[PDB]
Amino acid sequence: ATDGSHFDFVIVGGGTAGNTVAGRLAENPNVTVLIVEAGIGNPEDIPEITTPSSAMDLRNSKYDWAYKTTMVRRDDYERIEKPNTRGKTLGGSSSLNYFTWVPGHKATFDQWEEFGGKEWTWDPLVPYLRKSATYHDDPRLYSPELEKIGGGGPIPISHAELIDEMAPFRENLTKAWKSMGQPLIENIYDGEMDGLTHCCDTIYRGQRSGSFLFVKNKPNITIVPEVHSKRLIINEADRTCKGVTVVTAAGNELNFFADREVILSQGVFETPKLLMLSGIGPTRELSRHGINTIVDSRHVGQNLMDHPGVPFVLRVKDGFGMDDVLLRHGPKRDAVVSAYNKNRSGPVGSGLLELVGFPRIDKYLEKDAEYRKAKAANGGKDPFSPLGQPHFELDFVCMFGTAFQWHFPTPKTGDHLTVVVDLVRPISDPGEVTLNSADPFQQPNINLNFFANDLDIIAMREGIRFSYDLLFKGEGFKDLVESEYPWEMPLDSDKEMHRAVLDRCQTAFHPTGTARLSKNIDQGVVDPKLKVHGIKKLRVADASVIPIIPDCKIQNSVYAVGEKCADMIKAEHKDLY
Ligand SMILES: Cc1cc2nc3c(=O)[nH]c(=O)nc-3n(C[C@H](O)[C@H](O)[C@H](O)COP(=O)(O)OP(=O)(O)OC[C@H]3O[C@@H](n4cnc5c(N)ncnc54)[C@H](O)[C@@H]3O)c2cc1C=O
C-alpha cells in the first residue's frame, strides 16, 4: 500500500467489530475500504487460530497482546496480572476467544436507551444481534425455531458439536441442574435466558469462525497488517478526522486518508488510548503527557466495565473430562489429532464448553445480612439484576483449563471440570484505561476495579456456593466428583471466602465501555450514530462503545455494534449506498 493513499473508509484495527464494519461497507464493490492492523494478515493459515481446542494455548502466544492489567484495586487488596489476553491478529480477539455466542437479556439492552435512544434497545437490536451469523444444526438436535438466530452473515455458528465421550458428563450435569430446581432452557435469544442451555459457538465443522471471514475475497478491501497506529490525523480548524498514521515493521511512518470516514475499532483498551494520543480525551490527562487537547472528552478511557470471574477446578472420575484425550500427550491424543488433520472431525475441533448456566441466586443472597440491608436500602429491588436478569454465567468447561488457573500448575494426572463462575451483573463502579505516556508502543494502564463494592464479593461467594451445591449434592453429578484442586474452597468461612474471591478471581475476558455511546459529550464519547462527540468523520465501533455490559459473554453484542455501525454509515452516504 502506497504512503498517503486515500480510501473511502479507513478502519483502524482489523478486529471483531472492525472487520464487520469493513466487510459490510465493501458490499458495494466500488467503495474502497482500508484496514490497518498490528498483527498478522493471514490467521486462517495458523492452526492454533483455526483449531478450536487450541484456543487456551493462544494466551501469551505471538497473537496475544498480553497486557498487564490491575484486576483489583481496593484498600485491603490489590493485584496486577499479565497476560490480560487480547487478540493481536486480523480478527482481533475473535481469533483467540472461547467461541460462546450469547446475546444477553432484553431488560439490560432496553436500559441502553438512556445512552443511545430507542434505536439502541432490545427489539431494534435483535436483527443486528443475528445479522453476522449463519445458523447450522446439522445433526438436527434442536428446535427448528432457533434457525432465526442466524440472519445469513459470514460467521458460521452452531450449537456445540457435542463430544460423544462427554455425553455421560452432560447427562449427569443436566440431572444435577434439574435436581436443584433450576430450569432448563434452549431459547436464550429472545431476551430471556433463565436456566441451563446447550450453548452456540462461533465454531462450525471443527473450525473457528473469526471476524476475518468478513473481509476476504473482497478486492475493494486493502488489508495492511503488521502496522502499529501512531495517531489519528485530526484537522483542528475543520474539527475533522482525515485518516490515520501508522508505523511499519521497518519503522516507517505512513499516512492513510479517508475520503468519507475513519472508523476506530482497536478494542476497549487501545481505542481510548489512540483517541487520547490524538488529542481527544480528558484534558488534564492529556496535558500530563504533553498531548494537546483538541476536544476535552472527559469519558475517554473512563467507564471500563468487565465481568469478574472466580474459576475453580474439580477432579472428576476418569472419562468425565477431556484432560487425558487433549491435554496430555500419548496415543489417545495422537489418535484424535490424527482424525482432525484428515477431516477436521473429533474433539480436537471442540471448544470444550457445551453446557452453560444462567441462574439467579436470590435464595443464596437472602441468607446474607449485608445483602438484605442493601436490598432494603435500594427500596426492595435486587441491586444486581433488578429487572429479572441472570446473576451468573456458569461455564462448565469439561477439562482442566490453563486459561482459568493463572497461579496453579496443570495437574499431572486425572480428568477435571473447570467451572468459571462469572458474575454477569456486578455493581462495582467501573475502572479506567489511562495513558502511561505519549508513547504509542506502550500499553495503556488498565484498572478493572473488580470488587470495589463489597456486595460483589458476597454475590461471587454465593455463586461459588451455588455451583458447589450443584456439583456435590445434585443428582448423578454428585457421584462424579473425586477432589478439589488445588485445595478446599473455604466455603464454611465468610472471611476466608472474602480472601479467596479477591485472590482467585480473574477477568472473564469481557471488557467494555471506554468510549461509550451516549447522547452528549458529558455522558460519553460517541453519539447514538457512534460519531465521536466533537469530531467529524470519526466513528468508534468496538466493545468500547458498549454502555451497559451484557449479562453473558459479549462477542455477540460486539458483532451487533459493528453491523449497526455499518448500516448507519450506509444510510448517511446515500450517493454510495
Ligand atoms: C481470552 C478471551 C476469551 C473470550 N471468550 C469469548 C467467548 O467465549 N465468547 C464471547 O462472546 N466473547 C469472548 N471474548 C470476548 C470477545 O472476544 C471480545 O469482547 C471481542 O472480540 C472484542 O471485539 P473488539 O472488536 O471490540 O476488539 P478486538 O480486540 O476484537 O479488535 C481490536 C483490534 O485492533 C487491533 N489493534 C489494537 N491496537 C492497535 C494498534 N495500536 N495498532 C494497530 N492495530 C491495533 C488489534 O490487533 C485487534 O485486531 C473473549 C475474549 C478473550 C480475549 O480477548
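Rules used throughout
Residues numbered from 1 in each chain as written, not as in the entry; some residues may be left out. Heavy atoms only, no water. 1 Å grid on protein atoms, 1.4 Å probe; cavity = no way out; pocket = protein on both sides within 12 Å on 5 of 7 lines; lining within 4 Å. Points joined across faces, edges and corners; volume = space filled by probe spheres on them. Helix = DSSP H or I, 4+ residues; strand = E, 2+ residues; numbered from the N terminus. Nonpolar A, V, L, I, M, F, W, Y, C, P; charged D, E, K, R; others polar. Buried < 20%, exposed > 50% of the residue type's maximum accessible area, 1.4 Å probe, protein only. Contact = heavy atoms within 4.5 Å. Near = heavy atom within 4 Å. Polar contact = N/O pair within 3.5 Å; in protein donor to acceptor, adjacent residues only side chain to side chain. Areas by Shrake-Rupley, 256 points an atom, 1.4 Å probe, with all protein chains shown as cover. Sits in = over half its atoms within 2 Å of the grid points. Domains from an automatic or database assignment. Buried area = accessible area lost by both parts, 1.4 Å probe. Salt bridge = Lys/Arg side-chain N within 4 Å of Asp/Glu carboxyl O. Axes fitted to C-alpha atoms, helices over the stretch in contact; angles between N-to-C directions. Left-handed = near helix turned anticlockwise from the far one by under 90°. Core = buried A, V, L, I, M, F, W, Y, C linked by side-chain atoms within 4.5 Å. Parallel < 35°, antiparallel > 145°, perpendicular 65-115°, else oblique.

In the PDB header, X-ray crystallography is given as the technique by which the entry was determined, and 2.40 Å as its resolution.

Caption draft 1: Quick peek at the layout of surface pockets. Here the largest pocket is characterised by a volume of approximately 650 Å³. Every residue lining the largest pocket is counted, 31 residues in all, and those nearest its centre are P47, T51, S53, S54 and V348. Listed by contribution, the elements that provide at least two residues to the lining of the largest pocket are α2 (47-50), β11 (207-208), α9 (323-327) and α10 (331-343). Looking at the lining of the largest pocket, the element that brings in the most residues is α10, giving four residues. Along the lines of polarity and charge, the residues of the lining of the largest pocket split into 14 nonpolar, ten polar and seven charged.

Caption draft 2: The environment of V244, seen in detail. Along the polypeptide, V244 turns up in strand β14 (residues 240-248). Classification of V244 as buried rests on a relative accessible area of 0%. Here the alpha-carbon distance between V244 and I233, two residues eleven residues apart in the chain, equals 5.1 Å. Ignoring sequence-local partners within four residues, the contact set of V244 consists of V10, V12, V36, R231, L232, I233, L254, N255 and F256.

Caption draft 3: Structural view of the site of the ligand. Contacts to the ligand come from 35 residues, most closely from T16, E37, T100, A543 and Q555. Note that an oxygen atom of the ligand is positioned 3.2 Å from one of the backbone N or O atoms of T85. Contact with the protein chains hides 99% of the accessible area of the ligand, taken as 1000 Å² for the molecule alone. Here the ligand occupies the largest cavity. Broken down by secondary-structure element, the contributors of at least two residues to the shell around the ligand are α1 (16-25), β13 (227-235), α7 (267-277) and α15 (555-572). For the shell around the ligand, the domains that each give at least three residues are domain 1 (1-46 + 86-135 + 211-301 + 510-577) and domain 2 (47-85 + 136-210 + 302-509).

Caption draft 4: Looking closely at unusual backbone geometry. The residue after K82, namely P83, is reached through a cis peptide bond having omega 0°. The step from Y485 to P486 runs through a cis peptide bond, and the omega angle for that step is 0°. Positive phi, close to 70°, is recorded for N60, a residue that is not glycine. Mapping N60 onto the fold places it in the loop between α2 and β3 (67-73). Unusually for a residue other than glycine, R140 sits at a positive phi of about 50°. Topologically, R140 is positioned in the loop between β6 (133-136) and β7 (155-159). What makes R140 exposed here is its relative accessible area of 73%.

Caption draft 5: Up close: the domain arrangement of the chain. Assigned domains within the chain: domain 1 (1-46 + 86-135 + 211-301 + 510-577) and domain 2 (47-85 + 136-210 + 302-509). Across the contact, 71 residues belong to domain 1 and 84 residues belong to domain 2. Summing both partners gives a buried area of about 6700 Å² for domain 1 against domain 2, and 61% of it is carried by carbon and sulfur. Between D190 and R130 there is a salt bridge whose closest N-O contact spans 2.9 Å. Our enumeration of links across domain 1 and domain 2 arrives at 52 residue pairs in polar contact. At the level of secondary structure, the elements contributing two or more residues to the side of domain 1 that touches domain 2 comprise β5 (100-101), α3 (106-110), α5 (122-130), β6, β13, α7, α8 (283-287) and α15. Ranked by residues supplied to the side of domain 1 that touches domain 2, first place goes to α7 with seven residues.

Caption draft 6: The arrangement of the packing of α1 against α15 in detail. Where α1 contacts α15, the axes come no closer than 8 Å and their chain directions differ by 35°. α15 is crossed by α1, and the crossing has right-handed handedness. Across from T16, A17, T20, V21, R24 and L25 in α1, the residues of α15 making contact are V558, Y559, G562, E563, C565, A566, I569 and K570. Looking at side-chain class alone, the contact of α1 with α15 contains eight nonpolar, three polar and three charged residues.

Caption draft 7: Spatial organisation of the nonpolar core. Core analysis: the biggest nonpolar cluster contains 103 residues, and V12, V36, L232, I263, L275, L530 and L538 have the highest contact counts within it. When residues in this core are grouped by element, the largest group, eight residues, is from α15. Counting contributing residues per domain, this core is built from domain 1 (1-46 + 86-135 + 211-301 + 510-577) and domain 2 (47-85 + 136-210 + 302-509), each supplying no fewer than three. Counting 76 residues, the second largest nonpolar core, distinct from the first, contains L196, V310, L355 and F451.

Caption draft 8: Broad picture of the packing of α5 against α15. For the pair α5 and α15, the least separation of the axes is 8 Å and the interaxial angle reads 100°. As far as their axial angle goes, α15 and α5 are roughly perpendicular. On the side of α5, the interface is formed by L125, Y128 and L129, while α15 contributes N556, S557, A560, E563, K564 and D567. A per-class count over the contact of α5 with α15 returns four nonpolar, two polar and three charged.

Caption draft 9: Highlighting empty space enclosed by the protein. One pass over the full model with this rule turns up six cavities of 30 Å³ or more. In this structure, the largest cavity encloses a volume near 820 Å³. Around the largest cavity sit 49 residues that line it, and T16, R86, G87, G92 and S93 are the ones nearest its centre. Those elements that provide at least two residues to the lining of the largest cavity are α1, β13, α7, β22 (415-423) and α15. Top contributing element to the lining of the largest cavity by residue count: α7, with seven residues. Residue classes in the lining of the largest cavity are distributed as 22 nonpolar, 19 polar and eight charged. Shared between two domains, the lining of the largest cavity takes at least three residues from each, and those domains are domain 1 (1-46 + 86-135 + 211-301 + 510-577) and domain 2 (47-85 + 136-210 + 302-509). What the second largest cavity holds in volume is close to 110 Å³. Along its surface, the second largest cavity is lined by 14 residues, and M56, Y98, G351, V397 and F404 are the ones closest to its centre. For the lining of the second largest cavity, the per-class residue count stands at nine nonpolar, three polar and two charged. Residue assignment places the lining of the second largest cavity across two domains, with domain 1 (1-46 + 86-135 + 211-301 + 510-577) and domain 2 (47-85 + 136-210 + 302-509) each supplying three or more.

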